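One structure is given below, encoded as structure tokens.
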Amino acid sequence: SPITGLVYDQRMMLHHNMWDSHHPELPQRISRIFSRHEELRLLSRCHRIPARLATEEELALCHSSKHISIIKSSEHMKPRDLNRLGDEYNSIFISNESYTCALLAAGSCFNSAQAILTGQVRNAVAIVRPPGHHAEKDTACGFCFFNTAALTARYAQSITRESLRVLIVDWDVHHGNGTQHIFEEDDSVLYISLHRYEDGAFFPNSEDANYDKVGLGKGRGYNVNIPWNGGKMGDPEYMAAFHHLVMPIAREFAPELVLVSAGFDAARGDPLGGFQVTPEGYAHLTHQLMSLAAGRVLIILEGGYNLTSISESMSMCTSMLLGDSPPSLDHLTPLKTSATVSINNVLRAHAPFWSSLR
Ligand SMILES: O=C(CCCCCCNC(=O)c1cnc(N(c2ccccc2)c2ccccc2)nc1)NO
Ligand SMILES: [K+]
Ligand SMILES: [K+]
Ligand SMILES: [Zn+2]
């Protein structure tokens, strides 16, 4: 009986950009990742989980009725009207297939979480597009329509109990502004993001992503931002952040389910990120999170734009979930000075809330 689930459906390739056919969020992102799983003989080792559509009642766990109704109406618009609607948001393109593809991405992740929680599988991966982490309650943003990861947390609570403890780890190179805002006054969902910041000048261009935003109300302490400035970061800085911050806070919270907002745009070779994390580095981050929540872990694709880099990086994560031995990293070398400044600023902000840090 396979201990790892996998979901993929080629219908999610139909969303496309009719005015700019080389735009980086390409249909072949998901088909290239699936083909590499066949070449490495990983697909036959997994249990295949089918895709489905999310329902409109499920979308209302996080989104307004007006936002649901506007995106739904684009299914039948003519080209001139699709171009006008898209230009009303920050960095969005739309075709007649976009609404259906965003529904399939969300429902694929609901079926995966249900298989994990009922014990049919121990853990799982989801090869899905368009992405989710910039979408807000009332608007679309940054290539994203509905917030797939935030919806999956609320779905899991609805079928078990309202206070089920969920951790979301966001290792995409950009800040997830929508996920932060949805859970900002909530102590049942812990949000932890690592991201390129540059004093507010990198997308999405807001001071909401700095280390001093810690949560609101009864949610004070349950929002953790790790921002990078002035440096091309890689394996040494990401391992240091996990050892001093991510893993001590996670163990004290003691989650019952772990969701990864797993973009691969911090990887060596990415044309938007400019950073240097390796496939062996992503394998070590995956193996550390497998020690939490009695092993209940779901990996969800977000961004990432070098086709060879994302195919090798996500395949190594699946190999770790199946139980293979982790590969060795490069030799030890000094951290960059600005990265130690960032880690010290986060420790000073969260020490009042977490005894494992003081
Ligand atoms: O991932 C996400 C979603 C992120 C949304 C970002 C919106 C602002 N837009 C860019 O950030 C951006 C940066 N770069 C480039 N391209 C480029 C690519 C293909 C064709 C032409 C140009 C580029 C390449 C090399 C050197 C200079 C520019 N395109 C867009 N969230 O997690
Ligand atoms: K992030
Ligand atoms: K929170
Ligand atoms: Zn990204």
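Each chain of the structure tokens is named A, B, ... in the order shown, its residues numbered from 1; ligands are numbered from 1 in display order.
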With only C-alpha atoms as the counted atoms, please give the residues lying no more than 8 Å from stretch 314-325 of chain A, apart from itself and same-chain residues fewer than 5 positions off, as a PDB file with N, CA, C and O atoms, in the first residue's frame.
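Final file, part26.pdb:
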```
ATOM      1  N   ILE A   3       2.559   4.689   0.546  1.00  0.00           N
ATOM      2  CA  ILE A   3       2.468   5.610   1.668  1.00  0.00           C
ATOM      3  C   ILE A   3       2.442   7.074   1.229  1.00  0.00           C
ATOM      4  O   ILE A   3       2.261   7.954   2.091  1.00  0.00           O
ATOM      5  N   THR A   4       2.602   7.361  -0.077  1.00  0.00           N
ATOM      6  CA  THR A   4       2.589   8.738  -0.616  1.00  0.00           C
ATOM      7  C   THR A   4       1.561   8.890  -1.750  1.00  0.00           C
ATOM      8  O   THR A   4       1.588   8.128  -2.722  1.00  0.00           O
ATOM      9  N   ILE A  33       6.944  18.916 -14.919  1.00  0.00           N
ATOM     10  CA  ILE A  33       7.180  18.282 -13.604  1.00  0.00           C
ATOM     11  C   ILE A  33       6.677  16.828 -13.604  1.00  0.00           C
ATOM     12  O   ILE A  33       7.363  15.922 -13.102  1.00  0.00           O
ATOM     13  N   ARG A  36       9.147  14.433 -15.572  1.00  0.00           N
ATOM     14  CA  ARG A  36      10.343  14.061 -14.785  1.00  0.00           C
ATOM     15  C   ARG A  36      10.050  12.945 -13.753  1.00  0.00           C
ATOM     16  O   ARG A  36      10.908  12.077 -13.501  1.00  0.00           O
ATOM     17  N   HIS A  37       8.857  12.960 -13.124  1.00  0.00           N
ATOM     18  CA  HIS A  37       8.452  11.860 -12.234  1.00  0.00           C
ATOM     19  C   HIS A  37       8.393  10.497 -12.976  1.00  0.00           C
ATOM     20  O   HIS A  37       8.716   9.459 -12.378  1.00  0.00           O
ATOM     21  N   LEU A  42       9.369   7.451 -10.251  1.00  0.00           N
ATOM     22  CA  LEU A  42       8.670   7.774  -9.003  1.00  0.00           C
ATOM     23  C   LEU A  42       7.150   7.610  -9.096  1.00  0.00           C
ATOM     24  O   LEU A  42       6.512   7.277  -8.079  1.00  0.00           O
ATOM     25  N   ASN A 123       1.217  10.951   3.513  1.00  0.00           N
ATOM     26  CA  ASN A 123       1.629  12.291   3.039  1.00  0.00           C
ATOM     27  C   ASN A 123       1.304  12.368   1.534  1.00  0.00           C
ATOM     28  O   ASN A 123       0.831  11.374   0.959  1.00  0.00           O
ATOM     29  N   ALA A 124       1.533  13.543   0.884  1.00  0.00           N
ATOM     30  CA  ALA A 124       1.145  13.703  -0.544  1.00  0.00           C
ATOM     31  C   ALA A 124       1.741  14.964  -1.211  1.00  0.00           C
ATOM     32  O   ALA A 124       2.154  15.913  -0.521  1.00  0.00           O
ATOM     33  N   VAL A 125       1.732  14.973  -2.588  1.00  0.00           N
ATOM     34  CA  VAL A 125       2.143  16.130  -3.415  1.00  0.00           C
ATOM     35  C   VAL A 125       1.057  16.502  -4.438  1.00  0.00           C
ATOM     36  O   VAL A 125       0.370  15.625  -4.977  1.00  0.00           O
ATOM     37  N   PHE A 264       9.093  27.164  -6.237  1.00  0.00           N
ATOM     38  CA  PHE A 264      10.492  26.833  -6.516  1.00  0.00           C
ATOM     39  C   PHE A 264      11.208  27.982  -7.250  1.00  0.00           C
ATOM     40  O   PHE A 264      12.154  27.749  -8.039  1.00  0.00           O
ATOM     41  N   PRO A 279      18.710  21.496  -5.429  1.00  0.00           N
ATOM     42  CA  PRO A 279      17.757  20.387  -5.204  1.00  0.00           C
ATOM     43  C   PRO A 279      18.041  19.610  -3.915  1.00  0.00           C
ATOM     44  O   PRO A 279      17.094  19.189  -3.221  1.00  0.00           O
ATOM     45  N   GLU A 280      19.322  19.451  -3.545  1.00  0.00           N
ATOM     46  CA  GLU A 280      19.682  18.825  -2.275  1.00  0.00           C
ATOM     47  C   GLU A 280      19.222  19.666  -1.076  1.00  0.00           C
ATOM     48  O   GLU A 280      18.805  19.112  -0.039  1.00  0.00           O
ATOM     49  N   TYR A 282      16.439  21.635  -0.963  1.00  0.00           N
ATOM     50  CA  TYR A 282      15.001  21.400  -0.788  1.00  0.00           C
ATOM     51  C   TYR A 282      14.730  20.011  -0.180  1.00  0.00           C
ATOM     52  O   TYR A 282      13.754  19.853   0.570  1.00  0.00           O
ATOM     53  N   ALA A 283      15.590  19.004  -0.462  1.00  0.00           N
ATOM     54  CA  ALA A 283      15.425  17.678   0.153  1.00  0.00           C
ATOM     55  C   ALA A 283      15.619  17.734   1.664  1.00  0.00           C
ATOM     56  O   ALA A 283      14.871  17.101   2.422  1.00  0.00           O
ATOM     57  N   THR A 286      12.470  19.406   3.343  1.00  0.00           N
ATOM     58  CA  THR A 286      11.370  18.424   3.368  1.00  0.00           C
ATOM     59  C   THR A 286      11.552  17.405   4.507  1.00  0.00           C
ATOM     60  O   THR A 286      10.613  17.140   5.275  1.00  0.00           O
ATOM     61  N   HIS A 287      12.777  16.845   4.655  1.00  0.00           N
ATOM     62  CA  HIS A 287      13.035  15.823   5.687  1.00  0.00           C
ATOM     63  C   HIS A 287      12.847  16.374   7.108  1.00  0.00           C
ATOM     64  O   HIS A 287      12.373  15.634   7.993  1.00  0.00           O
ATOM     65  N   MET A 290       9.016  16.505   7.981  1.00  0.00           N
ATOM     66  CA  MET A 290       8.447  15.164   8.202  1.00  0.00           C
ATOM     67  C   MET A 290       8.477  14.717   9.677  1.00  0.00           C
ATOM     68  O   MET A 290       7.779  13.745  10.031  1.00  0.00           O
TER      69      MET A 290
END
```
Shell of 10 Å around ligand 1 (only C-alpha atoms and all ligand atoms), written as number ranges by chain: A: 20-26, 90-92, 131-134, 141-144, 170-177, 195, 202-205, 261-266, 270-274, 302-305
Protein and nucleic acid residues within 9 Å of ligand 3 (only C-alpha atoms and all ligand atoms) as a ChimeraX atom specification: /A:179-192,214-216,219-224
Residue contacts of stretch 70-81 of chain A (7 Å, only C-alpha atoms) excluding same-chain residues fewer than 4 positions away, as a ChimeraX atom specification: /A:66,85,96-97,99
Those in stretch 120-345 of chain A with helix (DSSP H, G or I) from DSSP, as a PyMOL selection string: chain A and resi 148-159+177-182+198-200+207-209+217-219+235-253+279-289+293-295+307-321+337-345
Every residue of stretch 6-102 of chain A that DSSP places in strand (DSSP E or B), as a list in words: residues 6, 7, 47, 48 and 90 of chain A
Å distance separating atom CA of residue A:207 from atom CA of residue A:169, one decimal place: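 Atom CA of residue A:207 sits 20.0 Å away from atom CA of residue A:169.
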Shortest interatomic distance to ligand 2 - which of A:348, A:259, A:226, A:301, counting only C-alpha atoms and all ligand atoms: A:226
Of the listed residues A:12, A:7, A:333, A:87, that which approaches residue A:49 most closely, counting only C-alpha atoms: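 Answer, going by the shortest atom-to-atom distance: A:7.
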Between atom CA of residue A:165 and atom CA of residue A:62 - distance in Å to one decimal: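 Computing it gives 17.4 Å between the two atoms.
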Distance query residue A:157 at most 12 Å, only C-alpha atoms, self and fewer than 3 positions along chain excluded, as a PyMOL selection string: chain A and resi 61+110+113-114+117+150-154+160-166+188-189+256-257
Take the residues from that selection and put them in a file with N, CA and C atoms, as a PDB file, in the first residue's frame.
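That gives us result-v4.pdb:
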```
ATOM      1  N   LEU A  61     -15.654  29.735   2.194  1.00  0.00           N
ATOM      2  CA  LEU A  61     -14.914  29.621   3.451  1.00  0.00           C
ATOM      3  C   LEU A  61     -13.913  30.765   3.617  1.00  0.00           C
ATOM      4  N   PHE A 110      -8.211  19.642  -1.798  1.00  0.00           N
ATOM      5  CA  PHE A 110      -9.167  19.112  -0.804  1.00  0.00           C
ATOM      6  C   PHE A 110      -9.172  17.565  -0.789  1.00  0.00           C
ATOM      7  N   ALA A 113      -5.987  16.368   1.123  1.00  0.00           N
ATOM      8  CA  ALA A 113      -6.049  16.527   2.578  1.00  0.00           C
ATOM      9  C   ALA A 113      -6.965  15.478   3.221  1.00  0.00           C
ATOM     10  N   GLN A 114      -8.079  15.144   2.561  1.00  0.00           N
ATOM     11  CA  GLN A 114      -8.987  14.105   3.075  1.00  0.00           C
ATOM     12  C   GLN A 114      -8.326  12.719   3.108  1.00  0.00           C
ATOM     13  N   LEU A 117      -5.902  12.770   6.185  1.00  0.00           N
ATOM     14  CA  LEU A 117      -6.550  12.782   7.498  1.00  0.00           C
ATOM     15  C   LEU A 117      -7.292  11.470   7.825  1.00  0.00           C
ATOM     16  N   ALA A 150      -4.963  28.543   1.826  1.00  0.00           N
ATOM     17  CA  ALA A 150      -5.841  28.987   2.922  1.00  0.00           C
ATOM     18  C   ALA A 150      -7.174  28.232   2.920  1.00  0.00           C
ATOM     19  N   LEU A 151      -7.760  28.026   1.724  1.00  0.00           N
ATOM     20  CA  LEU A 151      -8.984  27.219   1.594  1.00  0.00           C
ATOM     21  C   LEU A 151      -8.788  25.789   2.117  1.00  0.00           C
ATOM     22  N   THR A 152      -7.622  25.172   1.847  1.00  0.00           N
ATOM     23  CA  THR A 152      -7.385  23.788   2.288  1.00  0.00           C
ATOM     24  C   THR A 152      -7.341  23.679   3.828  1.00  0.00           C
ATOM     25  N   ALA A 153      -6.735  24.666   4.520  1.00  0.00           N
ATOM     26  CA  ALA A 153      -6.775  24.715   5.993  1.00  0.00           C
ATOM     27  C   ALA A 153      -8.217  24.742   6.542  1.00  0.00           C
ATOM     28  N   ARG A 154      -9.076  25.639   5.999  1.00  0.00           N
ATOM     29  CA  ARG A 154     -10.469  25.722   6.467  1.00  0.00           C
ATOM     30  C   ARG A 154     -11.275  24.474   6.105  1.00  0.00           C
ATOM     31  N   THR A 160     -13.122  17.834  10.567  1.00  0.00           N
ATOM     32  CA  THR A 160     -12.625  17.241  11.814  1.00  0.00           C
ATOM     33  C   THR A 160     -13.185  18.005  13.030  1.00  0.00           C
ATOM     34  N   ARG A 161     -12.518  19.072  13.492  1.00  0.00           N
ATOM     35  CA  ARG A 161     -13.083  19.961  14.522  1.00  0.00           C
ATOM     36  C   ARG A 161     -12.558  21.387  14.300  1.00  0.00           C
ATOM     37  N   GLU A 162     -13.305  22.393  14.799  1.00  0.00           N
ATOM     38  CA  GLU A 162     -13.025  23.784  14.427  1.00  0.00           C
ATOM     39  C   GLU A 162     -11.623  24.246  14.835  1.00  0.00           C
ATOM     40  N   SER A 163     -11.068  23.714  15.934  1.00  0.00           N
ATOM     41  CA  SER A 163      -9.784  24.167  16.463  1.00  0.00           C
ATOM     42  C   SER A 163      -8.596  23.244  16.096  1.00  0.00           C
ATOM     43  N   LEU A 164      -8.739  22.379  15.085  1.00  0.00           N
ATOM     44  CA  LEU A 164      -7.595  21.589  14.581  1.00  0.00           C
ATOM     45  C   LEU A 164      -6.414  22.509  14.247  1.00  0.00           C
ATOM     46  N   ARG A 165      -5.219  22.217  14.801  1.00  0.00           N
ATOM     47  CA  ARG A 165      -4.052  23.112  14.651  1.00  0.00           C
ATOM     48  C   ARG A 165      -3.285  22.876  13.324  1.00  0.00           C
ATOM     49  N   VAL A 166      -3.218  23.904  12.461  1.00  0.00           N
ATOM     50  CA  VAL A 166      -2.575  23.814  11.133  1.00  0.00           C
ATOM     51  C   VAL A 166      -1.388  24.792  11.050  1.00  0.00           C
ATOM     52  N   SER A 188      -5.496  29.477  15.684  1.00  0.00           N
ATOM     53  CA  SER A 188      -5.539  28.071  15.294  1.00  0.00           C
ATOM     54  C   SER A 188      -4.725  27.774  14.039  1.00  0.00           C
ATOM     55  N   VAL A 189      -4.266  28.799  13.307  1.00  0.00           N
ATOM     56  CA  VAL A 189      -3.460  28.617  12.073  1.00  0.00           C
ATOM     57  C   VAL A 189      -2.191  29.476  12.188  1.00  0.00           C
ATOM     58  N   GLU A 256      -1.134  19.554  14.088  1.00  0.00           N
ATOM     59  CA  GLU A 256      -1.754  18.289  13.692  1.00  0.00           C
ATOM     60  C   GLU A 256      -1.766  18.065  12.167  1.00  0.00           C
ATOM     61  N   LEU A 257      -1.480  19.099  11.356  1.00  0.00           N
ATOM     62  CA  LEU A 257      -1.330  18.987   9.892  1.00  0.00           C
ATOM     63  C   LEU A 257      -0.394  20.091   9.389  1.00  0.00           C
TER      64      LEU A 257
END
```
Stretch 338-344 of chain A surroundings by only C-alpha atoms, 9 Å radius, close-in-sequence under 5 positions cut, as JSON, numbers by chain: {"A": [211, 226, 227, 228, 229, 230, 231, 233, 237, 240, 241, 244, 245, 349]}
Selection near residue A:9, 12 Å with only C-alpha atoms, sequence-local residues under 2 positions removed, as a PyMOL selection string: chain A and resi 6-7+11-14+27+30-31+33-34+48-53+101+104-105+107-108+126-129
Requested write-out: N, CA, C and O atoms of the selected residues, as an mmCIF file, in the first residue's frame:
```cif
data_model
loop_
_atom_site.group_PDB
_atom_site.id
_atom_site.type_symbol
_atom_site.label_atom_id
_atom_site.label_comp_id
_atom_site.auth_asym_id
_atom_site.auth_seq_id
_atom_site.Cartn_x
_atom_site.Cartn_y
_atom_site.Cartn_z
ATOM 1 N N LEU A 6 -0.297 11.285 -4.966
ATOM 2 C CA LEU A 6 0.062 12.247 -6.032
ATOM 3 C C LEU A 6 -1.180 12.628 -6.841
ATOM 4 O O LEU A 6 -1.912 11.728 -7.265
ATOM 5 N N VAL A 7 -1.423 13.941 -7.086
ATOM 6 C CA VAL A 7 -2.516 14.405 -7.960
ATOM 7 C C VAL A 7 -1.957 15.284 -9.109
ATOM 8 O O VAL A 7 -1.120 16.174 -8.873
ATOM 9 N N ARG A 11 -5.978 18.937 -17.827
ATOM 10 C CA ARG A 11 -6.934 20.023 -18.068
ATOM 11 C C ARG A 11 -6.459 21.369 -17.496
ATOM 12 O O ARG A 11 -6.829 22.422 -18.033
ATOM 13 N N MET A 12 -5.653 21.377 -16.414
ATOM 14 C CA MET A 12 -5.194 22.667 -15.865
ATOM 15 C C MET A 12 -4.193 23.405 -16.791
ATOM 16 O O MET A 12 -3.808 24.563 -16.476
ATOM 17 N N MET A 13 -3.784 22.810 -17.938
ATOM 18 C CA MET A 13 -2.975 23.507 -18.959
ATOM 19 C C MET A 13 -3.779 24.513 -19.810
ATOM 20 O O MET A 13 -3.164 25.308 -20.550
ATOM 21 N N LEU A 14 -5.125 24.533 -19.733
ATOM 22 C CA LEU A 14 -5.907 25.328 -20.699
ATOM 23 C C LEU A 14 -5.923 26.851 -20.425
ATOM 24 O O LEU A 14 -6.148 27.625 -21.363
ATOM 25 N N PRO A 27 1.617 27.150 -19.395
ATOM 26 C CA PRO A 27 0.989 25.806 -19.322
ATOM 27 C C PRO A 27 1.945 24.623 -19.083
ATOM 28 O O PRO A 27 1.615 23.699 -18.313
ATOM 29 N N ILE A 30 3.418 22.505 -15.426
ATOM 30 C CA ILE A 30 2.954 21.291 -14.728
ATOM 31 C C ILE A 30 3.275 20.009 -15.518
ATOM 32 O O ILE A 30 3.565 18.963 -14.908
ATOM 33 N N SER A 31 3.222 20.048 -16.866
ATOM 34 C CA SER A 31 3.506 18.843 -17.660
ATOM 35 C C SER A 31 4.993 18.472 -17.627
ATOM 36 O O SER A 31 5.341 17.269 -17.660
ATOM 37 N N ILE A 33 6.944 18.916 -14.919
ATOM 38 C CA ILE A 33 7.180 18.282 -13.604
ATOM 39 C C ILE A 33 6.677 16.828 -13.604
ATOM 40 O O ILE A 33 7.363 15.922 -13.102
ATOM 41 N N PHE A 34 5.494 16.575 -14.193
ATOM 42 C CA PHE A 34 4.952 15.203 -14.293
ATOM 43 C C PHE A 34 5.877 14.292 -15.124
ATOM 44 O O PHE A 34 6.161 13.156 -14.728
ATOM 45 N N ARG A 48 -2.327 7.159 -6.816
ATOM 46 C CA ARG A 48 -2.889 8.256 -7.619
ATOM 47 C C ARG A 48 -4.247 8.738 -7.068
ATOM 48 O O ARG A 48 -5.181 7.941 -6.907
ATOM 49 N N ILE A 49 -4.362 10.035 -6.800
ATOM 50 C CA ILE A 49 -5.568 10.657 -6.225
ATOM 51 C C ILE A 49 -6.219 11.514 -7.309
ATOM 52 O O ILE A 49 -5.516 12.296 -7.962
ATOM 53 N N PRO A 50 -7.537 11.401 -7.551
ATOM 54 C CA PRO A 50 -8.159 12.146 -8.666
ATOM 55 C C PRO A 50 -8.453 13.619 -8.355
ATOM 56 O O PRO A 50 -8.733 13.997 -7.211
ATOM 57 N N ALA A 51 -8.400 14.462 -9.404
ATOM 58 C CA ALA A 51 -8.839 15.861 -9.293
ATOM 59 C C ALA A 51 -10.373 15.975 -9.241
ATOM 60 O O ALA A 51 -11.090 15.057 -9.663
ATOM 61 N N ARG A 52 -10.872 17.108 -8.697
ATOM 62 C CA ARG A 52 -12.285 17.524 -8.766
ATOM 63 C C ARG A 52 -12.444 19.054 -8.703
ATOM 64 O O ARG A 52 -11.537 19.795 -8.296
ATOM 65 N N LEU A 53 -13.642 19.530 -9.077
ATOM 66 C CA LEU A 53 -13.976 20.946 -8.897
ATOM 67 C C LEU A 53 -14.325 21.276 -7.439
ATOM 68 O O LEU A 53 -15.087 20.555 -6.788
ATOM 69 N N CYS A 101 -10.000 26.184 -14.340
ATOM 70 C CA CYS A 101 -8.684 25.697 -13.893
ATOM 71 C C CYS A 101 -8.422 26.035 -12.413
ATOM 72 O O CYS A 101 -7.876 25.210 -11.665
ATOM 73 N N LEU A 104 -10.306 23.505 -10.289
ATOM 74 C CA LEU A 104 -9.651 22.199 -10.243
ATOM 75 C C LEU A 104 -8.431 22.201 -9.325
ATOM 76 O O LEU A 104 -8.156 21.186 -8.665
ATOM 77 N N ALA A 105 -7.652 23.300 -9.310
ATOM 78 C CA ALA A 105 -6.504 23.388 -8.402
ATOM 79 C C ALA A 105 -6.941 23.282 -6.930
ATOM 80 O O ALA A 105 -6.323 22.543 -6.130
ATOM 81 N N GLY A 107 -9.929 21.962 -5.629
ATOM 82 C CA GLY A 107 -10.515 20.658 -5.298
ATOM 83 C C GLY A 107 -9.524 19.500 -5.262
ATOM 84 O O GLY A 107 -9.723 18.526 -4.513
ATOM 85 N N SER A 108 -8.474 19.558 -6.096
ATOM 86 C CA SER A 108 -7.388 18.579 -6.035
ATOM 87 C C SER A 108 -6.746 18.548 -4.647
ATOM 88 O O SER A 108 -6.421 17.466 -4.117
ATOM 89 N N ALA A 126 0.916 17.826 -4.736
ATOM 90 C CA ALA A 126 -0.086 18.341 -5.695
ATOM 91 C C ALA A 126 0.561 19.198 -6.800
ATOM 92 O O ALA A 126 1.054 20.306 -6.527
ATOM 93 N N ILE A 127 0.518 18.713 -8.054
ATOM 94 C CA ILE A 127 1.140 19.403 -9.217
ATOM 95 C C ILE A 127 0.037 20.214 -9.924
ATOM 96 O O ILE A 127 -0.589 19.726 -10.870
ATOM 97 N N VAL A 128 -0.193 21.492 -9.498
ATOM 98 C CA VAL A 128 -1.362 22.329 -9.851
ATOM 99 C C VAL A 128 -0.979 23.757 -10.312
ATOM 100 O O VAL A 128 0.055 24.288 -9.901
ATOM 101 N N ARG A 129 -1.828 24.374 -11.168
ATOM 102 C CA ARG A 129 -1.786 25.790 -11.585
ATOM 103 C C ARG A 129 -3.200 26.249 -11.980
ATOM 104 O O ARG A 129 -4.067 25.411 -12.280
#
```
